[PDB]
Amino acid sequence: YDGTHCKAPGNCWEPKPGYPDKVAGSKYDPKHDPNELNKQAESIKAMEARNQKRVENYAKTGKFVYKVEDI
Amino acid sequence: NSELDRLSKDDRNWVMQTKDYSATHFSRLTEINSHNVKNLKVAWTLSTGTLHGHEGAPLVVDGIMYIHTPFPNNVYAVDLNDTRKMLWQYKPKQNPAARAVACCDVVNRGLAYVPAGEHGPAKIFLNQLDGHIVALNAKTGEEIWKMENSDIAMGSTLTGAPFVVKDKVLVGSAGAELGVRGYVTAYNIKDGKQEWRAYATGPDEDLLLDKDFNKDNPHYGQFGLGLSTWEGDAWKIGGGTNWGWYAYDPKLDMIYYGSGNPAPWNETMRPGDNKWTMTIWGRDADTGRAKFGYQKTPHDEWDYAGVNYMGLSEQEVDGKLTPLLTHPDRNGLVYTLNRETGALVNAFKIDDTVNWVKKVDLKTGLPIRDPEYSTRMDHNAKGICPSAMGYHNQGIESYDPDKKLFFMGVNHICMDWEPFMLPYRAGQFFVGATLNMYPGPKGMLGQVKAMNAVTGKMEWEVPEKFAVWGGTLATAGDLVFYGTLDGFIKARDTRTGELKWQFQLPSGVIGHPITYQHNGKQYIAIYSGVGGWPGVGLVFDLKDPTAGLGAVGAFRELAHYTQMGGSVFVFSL
């Protein structure tokens, strides 16, 4: 693996000698919990929805309020 | 923002961390110069009221200096006609649990500013460690709006400064050491409304790509790569946070920045190029759509987090005057690209000891890897240069357009590295490597260098006892000023590197110097307060050489020279 043999433009990864093409099912399988993987995107959706509430309240009243329970 | 751009051209001001949208860090002031800087004295000082690392530096606009701290990221304003009084203060209330998800000290790279405003009054912007973007009235300190960008429960913080472009303020990301998938966000300065958000990995709609993305250099890669260069869903936790600096070309209406390292550090857990971590981006300002993207470090094996500054200049390339960006990466290469097309102009080694890469082939754009300095499971890789701290880190550097030279504070640090398997759990660290660091082959930990970024020609090079971390300020006085981790501010002649002045500050420096004119006199200002990644051993009383992600062993002598601190020093003749 010297970085110069490319399967497609922008895609030059190769396994090192003795390592696998794919990790799933290998001794290096990260075995990620799909539920853990999805947590940060769920958290972002929730922040984005709270922020949209703060924006809407500012457009409606002309006064900024951070705490979404106080709107 | 055209009015911010105009204010940046006035030597009474220092309106953004990078000084101006080109990140020149160059002042045309000459009152202080190579022939009288030996007579520079302390004029006045301020205490910040906190310890920990003090990154970035003050802003100065319209006769007011603005200061910021590490966590809890207090802000204050000082009228330069009454330097003893604080005009206003803002003191955030933040969950102290924010501190526990910061890998390398609770540093904050500083404030941004926008002038008044259809939007309306002039504002100061602060990114808090706890993930909030805050807009304050620049004259009164009143909180105008505050939005949630990042969630500390996911290990996601903010440490990079906000960046103002037209009617938007851009907010980065941080937490790649905790599996945070990187994203940059534009908010409207009037009401805090999110305008656009561009992720560093994953599907093309998340990356926010122009239909003509990489039209000029299709060999960089175009569509589908934020999925196809990862195995399965590993991109969801895949790093690429942007915690460094930006530049902006108003004529092209393009913003430039670097995305950070892929997660975890254990390369074996994430086969593939890992795009678009480690990438130099050119995005349209209004839409956030990338017009180009160059991946410097495919499939990172070394945490060469690609977040360092972007310095714009206009220089001859084969006799034709060309708009450029120059970018000294952690990986030890100095990249210069055409900032309109994204074409590679040069990529040279910042020090000849860089060994992970033999060279970058400029036609293919690919770094030719040396497998002797790769990292991989079940191997302790020895002697890799640079270390994960980089041969260059978060310091903003400087450009003298008359000499066509960049001046850079450089690190000389190498490492051994061995990965380990570990699970991802949101909110927990997700590193998976054990490191030992030490001086590079020349034997010291720092250097200051002057270079031409088109030719790669080094004008001069000088050693420093420790890594020079906080960046540089250059002036038409033929001087480059910088701070050192051991607690000096120094000035060197830009033609030769000769040391012309030094002053013993209370604590080490991890930010940059600034200069400004007030009431017809030139001042130089800097923070003193050691910390950040090199200071982690002394800030947290760590003793295991592999702690602080390998920084503790390399920097174990630093606590012999400095304590923590928190102060602003202002110098004049």
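Residues numbered from 1 in each chain as written, not as in the entry; some residues may be left out. Chains lettered and ligands numbered in written order. Heavy atoms only, no water.

X-ray crystallography is the method the PDB entry states for this structure, with the resolution given as 1.9 Å.

### Here we look at the overall build of chain B
Looking only at helices and strands, chain B features 5 helices and 38 strands. Across the 573 residues of chain B, 71% fall into the buried class. Nonlocal contacts in chain B, meaning residues at least 24 apart in sequence, comprise 62% of its contacts between residues at least 6 apart. Surface summary for chain B: the accessible area is close to 17,400 Å², and the carbon and sulfur share equals 49%. Separation of charge centres in chain B, based on 56 positive and 64 negative side chains, amounts to 3 Å. (Helix = DSSP H or I, 4+ residues; strand = E, 2+ residues; numbered from the N terminus. Buried < 20%, exposed > 50% of the residue type's maximum accessible area, 1.4 Å probe, protein only. Contact = heavy atoms within 4.5 Å. Areas by Shrake-Rupley, 256 points an atom, 1.4 Å probe, with all protein chains shown as cover. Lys, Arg positive; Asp, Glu negative; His and termini not counted. Charge placed at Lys NZ, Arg CZ, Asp CG, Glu CD.)

### Some thoughts on the overall build of chain A
Within chain A, the secondary structure is distributed over 2 helices and 0 strands. A compact globule built from 71 residues would reach a C-alpha radius of gyration of about 11 Å, whereas chain A, at 23 Å, exceeds it by more than 25%. Considering only C-alpha atoms, chain A reaches an extent of 65 × 30 × 15 Å along its principal axes. Within chain A, counting contacts between residues at least 6 apart in sequence, those at least 24 apart form 0% of the total. A total accessible area of about 4,600 Å² is found for chain A, and carbon and sulfur atoms account for 51% of it. Distance from the positive charge centre (13 side chains) to the negative charge centre (11 side chains) of chain A: 5 Å. (Rg over C-alpha atoms; globule rule 2.2 N^0.38 Å.)

### A closer look at the sheet that holds strand 15 (residues 247-249) of chain B
Pairing between the strands of a sheet is mediated by backbone hydrogen bonds and can be parallel or antiparallel. Residue and element names in this part refer to chain B. With antiparallel pairing, 4 strands are arranged side by side in an open sheet as 15-16-17-18. For this open sheet the edge positions go to strand 15 and strand 18 (290-295), each flanked by a neighbour on one side alone. Ignoring strand direction, the axes of neighbouring strands in this sheet form an average angle of 15°. Across 3 bridges, the pairing between strand 15 and strand 16 (residues 254-258) is antiparallel. Each residue of the ladder has a partner; that of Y248, found in strand 16, is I255. (Pairing = 2+ DSSP bridges. Axes fitted to C-alpha atoms, helices over the stretch in contact; angles between N-to-C directions.)

### So, the interface of chain B and chain A
Buried accessible area, meaning the area lost when the parts come together, often serves as the stated size of an interface. Taken together, the contact pairs 59 residues of chain B with 36 residues of chain A. Counting each side, the surface lost to burial between chain B and chain A is near 3,800 Å², with a carbon and sulfur contribution of 58%. There are 5 salt bridges connecting chain B and chain A. The salt bridge involving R50(A) is made with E148(B); its shortest N-O contact spans 2.7 Å. Looking at the side of chain B that touches chain A, the elements with two or more residues in it are strand 10 (143-148), strand 13 (183-188), strand 14 (194-199), helix 3 (225-228) and strand 24 (366-369) of chain B. With 6 residues, the top contributor of residues to the side of chain B that touches chain A is strand 10 of chain B. By residue class, the composition of the side of chain B that touches chain A is 24 nonpolar, 15 polar and 20 charged. (Buried area = accessible area lost by both parts, 1.4 Å probe. Salt bridge = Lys/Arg side-chain N within 4 Å of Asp/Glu carboxyl O. Nonpolar A, V, L, I, M, F, W, Y, C, P; charged D, E, K, R; others polar.)

### Side note on the pairing of strand 34 (residues 488-493) of chain B
Residue and element names in this part refer to chain B. Within strand 34, 6 of the 6 residues are buried, which leaves it mostly tucked inside the rest of the structure. Hairpin connection, strand 33 (residues 479-483) to strand 34: the antiparallel pair is bridged by 4 residues, and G487 has positive phi, about 105°. Examined bridge by bridge, strand 34 and strand 35 (residues 499-504) share 5 bridges and lie antiparallel to one another. In the sheet register, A491 faces strand 35, and the bridge partner there is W501. Hairpin connection between strand 34 and strand 35: a loop of 5 residues separates the two successive antiparallel strands, and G497 in this loop has a positive phi of roughly 80°.

### A word on the UniProt feature "active site" (unreviewed entry) in chain B
All names here are of chain B. Within this numbering scheme, the UniProt entry marks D303 as carrying the feature "active site" (unreviewed entry). Among the structural elements, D303 can be located in the loop between strand 18 and strand 19 (311-317). Judged by relative accessible area, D303 falls into the buried class, the value being 3%. A distance of 3.1 Å separates a polar atom in the side chain of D303 from a polar atom in the side chain of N261. (UniProt positions renumbered as here; feature names shortened; annotations may be inferred. Polar contact = N/O pair within 3.5 Å; in protein donor to acceptor, adjacent residues only side chain to side chain.)

### Things to note about the nonpolar core
Among soluble globular proteins, nonpolar side chains are generally buried collectively. Core analysis: the largest hydrophobic core is formed by 90 residues, its most contacted members being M65(B), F125(B), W145(B), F481(B) and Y516(B). Setting aside chain neighbours within four positions, we find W145(B) in contact with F64(A), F125(B), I133(B), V134(B), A135(B), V169(B), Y187(B), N188(B), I189(B), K190(B), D191(B) and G192(B). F348(B), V354(B), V360(B) and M437(B) belong to the second-largest nonpolar core, a separate cluster that totals 71 residues. (Core = buried A, V, L, I, M, F, W, Y, C linked by side-chain atoms within 4.5 Å.)

### Some points on the pairing of strand 18 of chain B
All names here are of chain B. Within strand 18, 5 of the 6 residues are buried, which leaves the element mostly enclosed by the surrounding structure. Where strand 17 (residues 279-284) lies against strand 18, 5 bridges are found, and the strand directions are antiparallel. Residue pairing for strand 18: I280 is matched across the bridge by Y294.

### Observations concerning unusual backbone geometry
Residue and element names in this part refer to chain B. Of note, the amide linkage connecting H119 to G120 takes the cis form, showing an omega dihedral of 5°. Note the cis peptide between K275 and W276, where omega equals 5°. Considering the arrangement of structural elements, one finds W276 in the loop between strand 16 and strand 17. For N214, which is not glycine, the phi dihedral falls at a positive 55°. Topologically, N214 is positioned in the loop between helix 2 (204-207) and helix 3. With a relative accessible area of 2%, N214 lands in the buried category. In this structure, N519 takes a positive phi of about 50° despite not being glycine. Within the secondary structure layout, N519 lies in the loop between strand 36 (514-518) and strand 37 (521-528). By relative accessible area, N519 is classed as exposed at 63%.

### Description of the packing of aromatic side chains
Evaluated as defined, the whole model comprises 33 aromatic pairs over all chains. Seen from their ring centres, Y257(B) and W281(B) are 6.4 Å apart, and the 20° between their planes marks the pair as stacked. Of this pair, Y257(B) sits in strand 16 while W281(B) sits in strand 17, placing them 24 residues apart in sequence. Taken as a pair, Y257(B) and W281(B) share a single burial class, namely buried. Just above the ring of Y66(A) sits the side chain of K146(B); from NZ or CZ to the centre is 5.0 Å. Sitting over the face of the ring of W276(B), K275(B) holds its NZ or CZ atom 5.5 Å from the ring centroid. (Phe/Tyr/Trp six-rings, centres within 6.5 Å; stacked < 30°, edge-to-face > 60°. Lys NZ or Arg CZ within 6 Å of the ring centre and 35° of its normal.)

### Overview of the sheet that holds strand 27 (residues 405-411) of chain B
Residue and element names in this part refer to chain B. Sheet architecture is open: 4 strands sit in the order 26-27-30-31, paired in antiparallel fashion. With one partner strand each, in any of the chains shown, strand 26 (398-400) and strand 31 (458-464) form the two edges of the open sheet. Each strand axis lies, on average, 20° off the axis of its neighbour in the sheet, ignoring direction. Inspection of the sheet shows strand 27 paired to strand 30 (residues 446-451) by 6 bridges, in the antiparallel sense. Bridge pairing links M408 to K449 in strand 30.

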